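Asks: Contents of entry_22.cif (mmCIF, N, CA, C and O atoms and all ligand atoms):
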```cif
data_model
#
loop_
_atom_site.label_atom_id
_atom_site.label_comp_id
_atom_site.auth_asym_id
_atom_site.auth_seq_id
_atom_site.Cartn_x
_atom_site.Cartn_y
_atom_site.Cartn_z
N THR A 1 0.83 -1.19 0.00
CA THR A 1 0.00 0.00 0.00
C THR A 1 0.87 1.24 0.00
O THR A 1 2.03 1.18 0.39
N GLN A 2 0.33 2.35 -0.46
CA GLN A 2 1.07 3.59 -0.53
C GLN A 2 0.84 4.41 0.73
O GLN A 2 -0.25 4.39 1.32
N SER A 3 1.86 5.12 1.14
CA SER A 3 1.83 5.91 2.34
C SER A 3 1.26 7.32 2.07
O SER A 3 1.03 7.71 0.91
N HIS A 4 1.05 8.08 3.13
CA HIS A 4 0.50 9.41 3.05
C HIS A 4 1.49 10.32 2.33
O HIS A 4 2.67 10.33 2.67
N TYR A 5 1.01 11.05 1.32
CA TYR A 5 1.83 11.94 0.47
C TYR A 5 2.66 11.18 -0.55
O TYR A 5 3.59 11.73 -1.15
N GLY A 6 2.32 9.93 -0.76
CA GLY A 6 2.94 9.16 -1.79
C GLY A 6 2.03 9.06 -2.99
O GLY A 6 0.81 9.27 -2.85
N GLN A 7 2.58 8.76 -4.14
CA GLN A 7 1.81 8.63 -5.36
C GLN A 7 1.12 7.27 -5.35
O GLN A 7 1.79 6.24 -5.37
N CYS A 8 -0.18 7.28 -5.27
CA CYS A 8 -0.95 6.05 -5.20
C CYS A 8 -1.07 5.37 -6.54
O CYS A 8 -0.50 4.32 -6.75
N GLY A 9 -1.77 5.97 -7.46
CA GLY A 9 -1.96 5.31 -8.71
C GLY A 9 -2.57 6.18 -9.74
O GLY A 9 -3.79 6.21 -9.89
N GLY A 10 -1.74 6.95 -10.39
CA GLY A 10 -2.17 7.75 -11.49
C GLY A 10 -1.80 7.04 -12.77
O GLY A 10 -1.16 5.98 -12.72
N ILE A 11 -2.16 7.61 -13.90
CA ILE A 11 -1.85 7.00 -15.19
C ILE A 11 -0.33 6.96 -15.39
O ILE A 11 0.35 7.99 -15.33
N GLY A 12 0.19 5.77 -15.59
CA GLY A 12 1.61 5.60 -15.78
C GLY A 12 2.28 5.02 -14.56
O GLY A 12 3.46 4.63 -14.60
N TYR A 13 1.56 4.95 -13.47
CA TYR A 13 2.09 4.42 -12.24
C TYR A 13 1.59 3.00 -12.06
O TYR A 13 0.41 2.72 -12.25
N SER A 14 2.48 2.09 -11.72
CA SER A 14 2.13 0.69 -11.58
C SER A 14 2.54 0.11 -10.21
O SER A 14 2.61 -1.10 -10.02
N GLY A 15 2.78 0.98 -9.25
CA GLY A 15 3.22 0.54 -7.94
C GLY A 15 2.07 0.37 -6.96
O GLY A 15 0.98 -0.07 -7.36
N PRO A 16 2.28 0.69 -5.67
CA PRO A 16 1.24 0.56 -4.64
C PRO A 16 0.12 1.58 -4.81
O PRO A 16 0.25 2.74 -4.43
N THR A 17 -0.96 1.14 -5.41
CA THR A 17 -2.08 1.99 -5.74
C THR A 17 -3.06 2.18 -4.58
O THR A 17 -3.74 3.21 -4.48
N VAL A 18 -3.12 1.21 -3.70
CA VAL A 18 -4.03 1.26 -2.58
C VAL A 18 -3.39 2.06 -1.46
O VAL A 18 -2.28 1.74 -1.02
N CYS A 19 -4.05 3.09 -1.03
CA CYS A 19 -3.55 3.94 0.02
C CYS A 19 -3.70 3.30 1.38
O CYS A 19 -4.54 2.41 1.59
N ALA A 20 -2.86 3.73 2.30
CA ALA A 20 -2.87 3.25 3.66
C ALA A 20 -4.14 3.70 4.40
O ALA A 20 -4.89 4.56 3.92
N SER A 21 -4.34 3.14 5.56
CA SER A 21 -5.50 3.40 6.36
C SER A 21 -5.56 4.85 6.84
O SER A 21 -4.65 5.34 7.55
N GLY A 22 -6.58 5.55 6.42
CA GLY A 22 -6.76 6.92 6.81
C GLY A 22 -6.29 7.88 5.74
O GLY A 22 -6.13 9.08 6.00
N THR A 23 -6.03 7.36 4.56
CA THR A 23 -5.60 8.18 3.45
C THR A 23 -6.39 7.80 2.21
O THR A 23 -6.70 6.62 2.00
N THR A 24 -6.74 8.76 1.40
CA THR A 24 -7.48 8.50 0.20
C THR A 24 -6.65 8.85 -1.03
O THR A 24 -5.86 9.79 -0.99
N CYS A 25 -6.79 8.09 -2.10
CA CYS A 25 -6.04 8.35 -3.32
C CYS A 25 -6.69 9.51 -4.07
O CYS A 25 -7.69 9.33 -4.78
N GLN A 26 -6.16 10.69 -3.86
CA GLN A 26 -6.69 11.89 -4.46
C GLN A 26 -5.98 12.15 -5.77
O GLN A 26 -4.74 12.23 -5.82
N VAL A 27 -6.75 12.27 -6.82
CA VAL A 27 -6.21 12.48 -8.13
C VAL A 27 -5.91 13.96 -8.32
O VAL A 27 -6.81 14.77 -8.60
N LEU A 28 -4.66 14.33 -8.10
CA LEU A 28 -4.25 15.73 -8.21
C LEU A 28 -4.11 16.09 -9.68
O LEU A 28 -4.44 17.18 -10.10
N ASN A 29 -3.62 15.15 -10.44
CA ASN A 29 -3.46 15.27 -11.87
C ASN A 29 -3.74 13.91 -12.45
O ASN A 29 -3.72 12.94 -11.69
N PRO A 30 -3.98 13.76 -13.77
CA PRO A 30 -4.26 12.45 -14.37
C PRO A 30 -3.14 11.43 -14.12
O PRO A 30 -3.39 10.23 -13.99
N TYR A 31 -1.92 11.91 -14.04
CA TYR A 31 -0.81 11.00 -13.83
C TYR A 31 -0.36 11.02 -12.38
O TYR A 31 0.14 10.02 -11.85
N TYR A 32 -0.58 12.13 -11.69
CA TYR A 32 -0.19 12.21 -10.32
C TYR A 32 -1.39 12.09 -9.39
O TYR A 32 -2.25 12.96 -9.34
N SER A 33 -1.42 11.05 -8.65
CA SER A 33 -2.45 10.84 -7.69
C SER A 33 -1.74 10.62 -6.36
O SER A 33 -0.73 9.93 -6.34
N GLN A 34 -2.23 11.20 -5.30
CA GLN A 34 -1.52 11.16 -4.04
C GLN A 34 -2.42 10.69 -2.90
O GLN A 34 -3.60 11.05 -2.86
N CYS A 35 -1.88 9.86 -2.03
CA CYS A 35 -2.61 9.39 -0.87
C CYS A 35 -2.68 10.49 0.17
O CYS A 35 -1.67 10.85 0.78
N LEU A 36 -3.84 11.02 0.34
CA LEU A 36 -4.10 12.09 1.24
C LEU A 36 -5.22 11.72 2.16
O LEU A 36 -4.97 11.60 3.37
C1 LIG A 101 -0.91 -0.19 3.62
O1 LIG A 101 -1.77 -1.28 3.86
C2 LIG A 101 -2.74 -1.04 4.92
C3 LIG A 101 -4.00 -0.45 4.28
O2 LIG A 101 -4.95 -0.07 5.26
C4 LIG A 101 -2.12 -0.12 6.00
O3 LIG A 101 -2.73 -0.36 7.25
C5 LIG A 101 -0.65 -0.42 6.12
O4 LIG A 101 -0.13 0.39 7.16
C6 LIG A 101 0.05 -0.05 4.81
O5 LIG A 101 0.47 1.28 4.94
#
```
Can you turn what I pasted into structure tokens?

Replies:
Amino acid sequence: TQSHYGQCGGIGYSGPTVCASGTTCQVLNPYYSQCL
């Protein structure tokens, strides 16, 4: 899972897409999504 302020899963990202407990994957940009 991705940590707080980490890139969860935007377009082009293939790593830890599921955010940690208490954080939501906020799509800041189509490619940049951050666990907030
Ligand atoms: C991601 O996996 C779980 C998701 O809730 C977290 O509890 C864990 O700490 C890790 O960051």

Asks: Looking at A:1, A:6, A:22, A:15, which one is nearest to residue 35 (chain A), with distances taken over only N, CA, C and O atoms?

Replies: A:6

Asks: Given a cut-off of 5 Å, what residues near ligand LIG 101 (chain A) show up using only N, CA, C and O atoms and all ligand atoms, put as a ChimeraX atom specification?

Replies: /A:1-2,19-21

Asks: Based on DSSP run over this structure's backbone, return all residues of chain A in strand (DSSP E), as a tab-separated table (two decimals) with N, CA, C and O atoms, in the frame of the given file.

Replies:
```tsv
chain	number	residue	atom	x	y	z
A	25	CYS	N	-6.79	8.09	-2.10
A	25	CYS	CA	-6.04	8.35	-3.32
A	25	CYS	C	-6.69	9.51	-4.07
A	25	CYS	O	-7.69	9.33	-4.78
A	26	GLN	N	-6.16	10.69	-3.86
A	26	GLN	CA	-6.69	11.89	-4.46
A	26	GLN	C	-5.98	12.15	-5.77
A	26	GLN	O	-4.74	12.23	-5.82
A	27	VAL	N	-6.75	12.27	-6.82
A	27	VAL	CA	-6.21	12.48	-8.13
A	27	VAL	C	-5.91	13.96	-8.32
A	27	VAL	O	-6.81	14.77	-8.60
A	33	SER	N	-1.42	11.05	-8.65
A	33	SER	CA	-2.45	10.84	-7.69
A	33	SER	C	-1.74	10.62	-6.36
A	33	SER	O	-0.73	9.93	-6.34
A	34	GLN	N	-2.23	11.20	-5.30
A	34	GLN	CA	-1.52	11.16	-4.04
A	34	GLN	C	-2.42	10.69	-2.90
A	34	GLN	O	-3.60	11.05	-2.86
A	35	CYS	N	-1.88	9.86	-2.03
A	35	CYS	CA	-2.61	9.39	-0.87
A	35	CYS	C	-2.68	10.49	0.17
A	35	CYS	O	-1.67	10.85	0.78
```

Asks: Could you tell me how far CA of residue 32 (chain A) sits from CA of residue 4 (chain A), in Å to one decimal place?

Replies: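 Taking CA of residue 4 (chain A) as the start and CA of residue 32 (chain A) as the end point, the length is 13.7 Å.
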
Asks: Just the number, please: distance in Å from CA of residue 34 (chain A) to CA of residue 3 (chain A), one decimal.

Replies: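 About the pair CA of residue 34 (chain A) and CA of residue 3 (chain A): they are 8.9 Å apart.
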
Asks: Env of residue 29 (chain A): 8 Å cut, atoms = all atoms listed in the file, seq-sep filter 6 positions within chain, self excluded. Answer as an mmCIF file with N, CA, C and O atoms, in the coordinates of the input.

Replies:
```cif
data_model
loop_
_atom_site.group_PDB
_atom_site.id
_atom_site.type_symbol
_atom_site.label_atom_id
_atom_site.label_comp_id
_atom_site.auth_asym_id
_atom_site.auth_seq_id
_atom_site.Cartn_x
_atom_site.Cartn_y
_atom_site.Cartn_z
ATOM 1 N N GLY A 9 -1.770 5.970 -7.460
ATOM 2 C CA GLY A 9 -1.960 5.310 -8.710
ATOM 3 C C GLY A 9 -2.570 6.180 -9.740
ATOM 4 O O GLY A 9 -3.790 6.210 -9.890
ATOM 5 N N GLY A 10 -1.740 6.950 -10.390
ATOM 6 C CA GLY A 10 -2.170 7.750 -11.490
ATOM 7 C C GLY A 10 -1.800 7.040 -12.770
ATOM 8 O O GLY A 10 -1.160 5.980 -12.720
ATOM 9 N N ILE A 11 -2.160 7.610 -13.900
ATOM 10 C CA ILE A 11 -1.850 7.000 -15.190
ATOM 11 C C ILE A 11 -0.330 6.960 -15.390
ATOM 12 O O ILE A 11 0.350 7.990 -15.330
#
```

Asks: By how many Å are atom C of residue 12 (chain A) and atom N of residue 24 (chain A) apart?

Replies: 18.7 Å
